[PDB]
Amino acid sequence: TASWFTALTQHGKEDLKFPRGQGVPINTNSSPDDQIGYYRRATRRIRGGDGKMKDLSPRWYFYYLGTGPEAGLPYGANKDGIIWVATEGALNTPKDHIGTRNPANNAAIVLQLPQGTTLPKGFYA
């Protein structure tokens, strides 16, 4: 039950967000109706030699609307660690036909945004 795409890594202190109309990863094999979903934050911690937990940079993964760990949330749902993106013309319907990725069958698609969209401040890949 993995994301179809590689993650965005949060080095800065600000949560991920995109202006309305931006942020949907490029997927040339999908329809314009499909271009809508959410990024979900995944946090990891590593115990250091002093016994204390240290936070690795949070990673944000994209899931199409109606798929993934938050498949039940409607577009725009207000929830910590969840942010929403949609391209103009996308349909607000669940993308059941896309679903999630089986890592044993498909490798992750390298997340690419359009040539005119840059990553939000503090985000790297």
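Rigid core here is just the name for the largest C-alpha set that superposes within 1.5 Å across the two forms. A residue's number is simply how far along the shown sequence it sits, counting from 1.
Core-aligned Cα RMS comparison in 5 other deposited structures of this protein - stretch that moves more, 115-123 or 3-11: Relative to the shown form, the greater RMS C-alpha distance in 5 other deposited structures of this protein belongs to 115-123.
Would you say residue 48 is commonly dropped, meaning unmodelled in a third or more of the other compared entries that have residues on each side of it? Comparison shows residue 48 dropped in at least a third of the other entries.
When the C-alpha temperature factors are averaged for each of 59-67 and 96-104, which stretch ends up with the higher value in the entry? Taking the mean B-factor of the alpha carbons in each, 96-104 is higher.
Quick one: say whether 116-124 or 3-11 has the higher mean Cα B-factor in the deposited entry. It is 116-124 that shows the higher mean C-alpha B-factor.
Quick one: which of 83, 46, 73, 36 shows the highest Cα temperature factor in the PDB entry? Going by the entry's C-alpha B-factors, 46 comes out highest.
Split the chain's modelled residues into thirds by Cα B-factor; is residue 19 in the lowest, middle or highest one? According to the entry, residue 19 has a C-alpha B-factor in the chain's highest third.
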